[PDB]
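S.K.: Need coordinates for the below:
(9 chains)
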Amino acid sequence: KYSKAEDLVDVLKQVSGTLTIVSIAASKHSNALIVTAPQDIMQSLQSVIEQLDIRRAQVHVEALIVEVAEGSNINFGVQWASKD
Amino acid sequence: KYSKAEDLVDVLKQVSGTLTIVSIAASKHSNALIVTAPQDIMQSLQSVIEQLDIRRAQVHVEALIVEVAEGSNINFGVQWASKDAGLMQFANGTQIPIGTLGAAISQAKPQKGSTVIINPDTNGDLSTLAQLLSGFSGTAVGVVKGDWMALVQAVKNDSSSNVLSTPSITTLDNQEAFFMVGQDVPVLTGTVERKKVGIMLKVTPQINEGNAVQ
Amino acid sequence: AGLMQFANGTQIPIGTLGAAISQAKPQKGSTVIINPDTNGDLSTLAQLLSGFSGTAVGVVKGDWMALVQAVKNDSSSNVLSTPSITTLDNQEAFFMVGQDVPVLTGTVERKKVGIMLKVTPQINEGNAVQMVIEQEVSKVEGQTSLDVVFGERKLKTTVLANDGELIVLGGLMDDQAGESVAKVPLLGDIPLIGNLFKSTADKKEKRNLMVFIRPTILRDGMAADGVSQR
Amino acid sequence: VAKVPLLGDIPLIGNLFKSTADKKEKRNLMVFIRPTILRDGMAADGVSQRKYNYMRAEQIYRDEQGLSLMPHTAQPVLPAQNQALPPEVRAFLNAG
Amino acid sequence: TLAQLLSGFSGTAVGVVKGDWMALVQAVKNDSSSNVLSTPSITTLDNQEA
Amino acid sequence: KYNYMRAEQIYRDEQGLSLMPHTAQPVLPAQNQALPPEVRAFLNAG
Amino acid sequence: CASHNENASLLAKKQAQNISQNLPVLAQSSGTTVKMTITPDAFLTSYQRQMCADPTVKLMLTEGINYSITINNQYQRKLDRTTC
Amino acid sequence: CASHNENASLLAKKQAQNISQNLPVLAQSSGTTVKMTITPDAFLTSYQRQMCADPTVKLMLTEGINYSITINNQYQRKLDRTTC
Amino acid sequence: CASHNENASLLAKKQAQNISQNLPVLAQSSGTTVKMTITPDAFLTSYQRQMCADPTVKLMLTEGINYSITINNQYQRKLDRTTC
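M.R.: Numbers count the residues shown, from 1 in each chain, chains lettered A, B, ... in the order given. Sure, the structure comes next:
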């Protein structure tokens, strides 16, 4: 319902690996994974998939970049010149 | 009926692999796969293919790119100049300085020529004066009399913009679409590689069955 | 006693004009230790006017001048092109009408631009065609420092269309409204005589693309001769 | 700003000695996205038929005000949908 | 040569040039300011990078 | 944020392009347009 | 620069434009005339008078852009500020 | 620049053009004349009068582009605003 | 350089602007007029007089930027310094 089928496919290959034969395959076009296992391992992998299929929340991240610069300078001076 | 025969062919090779002999082959031209297995494995692989053959929904993805820009600036200041008795000059802007003006005016005077051992006048060369005025914009009011001058420059530039562009593409679910309207321009680079610029939208939807597209 | 000059446009500035007029005056020559007149060199003045378009009305008397420039450019376009190809089911077809142009690149590789359509249908037995399509429309548009730039618009998607019916692949809708102004400032705001002190430039622009696709299924030996005969 | 300094502060005649430049600028982008799901075979023809009749009404209004130098002269317009029967094809039914 | 001095010069120069002796009183006060506020924003799913 | 951008483009529109009136200018479609006035009547008949 | 002018035939297209984006049949803005395509007779007196009662139609039919209607059997009629 | 002129022989082709895209036999727009190719006699009086009753034919045969018909045995006749 | 001038129509937008960032329905600043979209009658006399009692509205309606209201059935009215 939510998860992308081929993200769970590796997560489930380890879970199924050490829970032992078992094969997990994911159809990209149909977004569905196909679990083939004995009746006991299946009922395990159904409660995992049920709990990994949850709906994700999305976040809106604003940044605020403020800058306030203020310069100044002042320059005052007298100069002379003359003949020799 | 729907699936492309050679997409299911690998999906079914694993399912058939650990369900054990079994062979799966797909005819590209006919879009049909040929399952050879014992009577028990077959009846399994028929209920899989029946459930992977479903009809796909397609999505129409519109983007809306809005931009509203609004500029302004204003520039106002007075400048003086005179004889040996002084000047006042400001380098702000865009506001052309009165020192480098008062020169370009004098280099523009006609130089009275004569040649002996005629009475032409070479007139001026305005290359210098017309280079100041090249990019200048806005008022310059002056008093130029007796080489002393007071030059009051002012302008107010004000722009605006508004843009709305909305590319859109149509894909099947889970398939990625690419849409470019642009131009393809070379970058140096090194060896001249070829780079694409313009509106580009690349999206790959999947329907989440809450009727929400992701 | 002054000038007023605005850099908007396309609107040729009166400063760089008033020079090009004076560099165009005949320079009275003489040579001693004759009475020809070298006349002018209009290279400078005719360079302003090279790309200029639209009114310039003036008063040039006693070197003071008032030059009122105005124009309204208005274009339009309409284009409809419709390439079509015929394939067997599940086989991919390629159709190009275009030209084949070299790209620099490195070593001069050879690149193809023009209308291109590459599609590979499969009939889904609901009588619905299921394309896998790459449309492209290119052309050579002018140069760059080191090569040619190509205008290019392409979309590659996968659509599912009924037998005889029309699905939209893609599209664009693009609007703009620019504006600009320049003024003195304080005098440009009088509601009547303001316009003497302003220089305005407006712009408006619009574009629409669409790409549609209509499949058709030729099943009978007689179905192929119904479309190809008409 | 720039000024003399001491003379630029008189509240009236100060402005003779100053040179000011101000600036203000603003920009806003947004990017939005609207999905739409076409499920039925009839859903694909609801969206793609209204964008068709939208482009075909641009090309008619572009046509109604013609090419000004050459009348009347055609100009491309996009074929109608549900043309039904041409007028002369109409009669052929009413005989046979 | 003279217009190269004055190229970037800014602010008063008052003088007395008479008989080649001179007294040249230069003064200026430059004062700037700035203010900027920019605020980019993005929207992602959780755990995905934008 | 949509109704914020659409109120920039209306205020940009209310003070038009000054040389060319009235002339359009892009504004962003409304939300909940409901029914156009002539579509309104078609309900009141059938 | 300088003054109406006004109104349509643009908006007379833009108004049939507005009608069709929700549809459903078509509306054609022909010149300054609007068109609408599909035993609705007493449809008319009903259907017309809401337009005739609509203050935009009471604006626009009094602006001077024509209105018209079509129905499929087939028929039509035109209605303006006068027929309302 | 400057004024009809008008009409066809373009549209007199464009109108036979329109006929044939739906077909079925052909229609040939010969000059300003339209042609149509295939015991239909009482076909004619029937078939003709609907054209003669059609306001476009009542426009076009009164516009001045000729009409004609052909039938396969074989025969034909021409019909214009007068024969209607 | 040189003197009001003043006030809005900017801030008359900026003030409807302020209203909508918290919302909820919309507020439209039309020219110098503010608009607000959604049997609230005695709503009005209540709802209006707090505005009429608000010293910014007692500033602004006495500044000269118009105010108005809309309600969805549908209706509206405008209120200014006088109607308060």
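S.K.: Where do the strands of chain G begin and end?
M.R.: Along chain G, counting by DSSP state E, strands occupy G:26-30, G:33-37, G:68-71, G:75-78.
S.K.: ok, the residue nearest in space to the middle of chain G to chain F distance?
M.R.: If you average the C-alpha coordinates of chain G and look for the closest C-alpha using C-alpha atoms, centre = their mean, you land on residue G:67, 3.5 Å from that point. Between residue G:67 and chain F the distance, using C-beta to the nearest C-beta, to the nearest Å, works out to 8 Å. (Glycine included, C-beta is placed from N, CA and C.)
S.K.: what's the answer for residue C:10, then?
M.R.: Here the distance between residue C:10 and chain F works out to 13 Å (C-beta to the nearest C-beta).
S.K.: what does residue C:89 give?
M.R.: Note on residue C:89: its distance to chain F, by C-beta to the nearest C-beta, is 41 Å.
S.K.: Tell me which residues touch that residue, please.
M.R.: For residue C:89, the contact set (C-beta atoms under 8 Å, 6 or more residues apart in numbering or on different chains) comprises B:31, C:121, C:122, C:123.
S.K.: Which of the three states applies to the closest residue to residue A:66 other than its chain neighbours?
M.R.: Beyond its immediate neighbours in the sequence, the residue positioned closest to residue A:66 (C-beta to C-beta, 6 or more residues apart in numbering or on different chains) is residue E:37, lying 5.6 Å away. Secondary structure, DSSP: H, G, I helix; E, B strand; the rest coil: residue E:37 is strand.
S.K.: swap in residue A:68?
M.R.: Reduced to three states by three-state DSSP, residue A:68 is strand.
S.K.: Quickly list what it is bridged to.
M.R.: On the basis of DSSP bridges, residue A:68 is bridged to residue E:35.
S.K.: okay, the angle between the longest helix along chain D and strand B:58-69?
M.R.: When chain D is parsed with DSSP state H, its longest helix is helix D:44-64. Our comparison of helix D:44-64 with strand B:58-69, counting by axes from the mean of the first three to the mean of the last three C-alpha atoms, to 10 degrees, yields an angle of 50 degrees.
S.K.: got the contact list for residue A:25?
M.R.: The contact partners of residue A:25, taken as C-beta under 8 Å, 6+ apart, are A:9, A:33, A:34, B:10, B:11, B:14, B:15.
S.K.: I should have written residue D:32 there, sorry.
M.R.: Taking C-beta under 8 Å, 6+ apart as the criterion, residue D:32 is in contact with B:63, B:64, B:66, F:2.
S.K.: try 10 Å
M.R.: With contacts defined as C-beta atoms under 10 Å, 6 or more residues apart in numbering or on different chains, residue D:32 is in contact with B:62, B:63, B:64, B:65, B:66, B:166, F:1, F:2, F:5, F:28.
S.K.: Tell me where chain A has helices.
M.R.: Under DSSP H, chain A gives helices at A:8-17, A:39-52.
S.K.: Would you mind finding the most buried of those helices?
M.R.: Of all the helices of chain A, helix A:8-17 has the most neighbours on average by mean count of other C-beta atoms under 10 Å in any protein chain shown, namely a mean of 15.
S.K.: Quick one: residues in contact with that one.
M.R.: Around helix A:8-17, the neighbours that count as contacts under C-beta under 10 Å, 6+ apart are A:3, A:19, A:22-26, A:33-37, A:41, A:44-45, A:48-49, A:52-53.
S.K.: quick one on the thing from earlier: which among the contacts of residue D:32 gets closest to residue H:11?
M.R.: Of all the contacts of residue D:32, the one sitting nearest residue H:11 is residue B:166; the distance, using C-beta to C-beta, is 36.9 Å.
S.K.: Spatially, and excluding backbone neighbours, which residue is closest to residue G:37.
M.R.: In space, not counting the residues next to it along the chain, residue G:37 is nearest to residue G:26; the distance is 4.7 Å by C-beta to C-beta, 6+ apart.
S.K.: Distance of the one you found relative to chain F?
M.R.: 12 Å.
S.K.: what sits against that residue?
M.R.: D:49-50, D:53, D:56-57, D:80-82, G:16, G:19-20, G:35-38, G:70.
S.K.: hmm, which of those residues are the buried ones?
M.R.: Buried positions within the contacts of residue G:26, assessed by neighbour count (16 or more other C-beta atoms under 10 Å in any protein chain shown), are D:49, D:50, D:53, D:56, D:57, G:16, G:19, G:20, G:35, G:36, G:70.
S.K.: Cool, thanks, talk later.
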